[PDB]
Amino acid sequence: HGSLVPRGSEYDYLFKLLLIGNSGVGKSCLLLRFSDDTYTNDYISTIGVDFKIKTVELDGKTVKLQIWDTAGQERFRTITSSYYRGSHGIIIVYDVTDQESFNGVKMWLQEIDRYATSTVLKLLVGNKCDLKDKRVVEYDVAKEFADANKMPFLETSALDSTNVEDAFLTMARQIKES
């Protein structure tokens, strides 16, 4: 007794997102910007895997985003095949001022191709677009790469908020439209 509150399962409209990319590209700062609207100049390298839950509204419906942050440093990784296979969508992050991080994208895509399902949603993010001064990866170059791999592409800055919400909502929409 007494009043029924109609409820569904714990995992109803819970979308699982995975952030992958080289160390230093800004995966953790992107997540912190999106979830807390906060930022740090500090480079505190992520150990293993961790998640945050961000609740958003899409087309008048509330969906929970379970976003997994990952170690970019190999010596700190715990990520296992199931993390790829258990994700609805994967965001690959590079740093537009770091050619090596962008070269690493092909290898990250091959990790997804190895361990994720053929149908996993993908999004390419070139971070640190606030560093216009230090850009080494041209938009048109990354865009052509993304196009050839049939995935959307956004440039972002965790520092000044540019496209951050858009990146995560883009992926959320990709999963919801699925």
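Residue indices: 1-based, along the sequence shown.
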{"property": "Of 127-135 and 59-67, the one with larger mean CA B-factor", "result": "59-67"}
{"property": "Entry-level comparison of average CA B-factors, 80-88 and 103-111, reporting the higher stretch", "result": "103-111"}
{"property": "Residue, from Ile47, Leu30, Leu121, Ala146, that the PDB entry assigns the highest Cα B-factor", "result": "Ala146"}
{"property": "Third of the chain, ranked by Cα B-factor, where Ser157 sits", "result": "lowest"}
{"property": "CA B-factor placement of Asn163, once the chain's modelled residues are sorted into thirds", "result": "middle"}
{"property": "CA B-factor placement of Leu19, once the chain's modelled residues are sorted into thirds", "result": "lowest"}
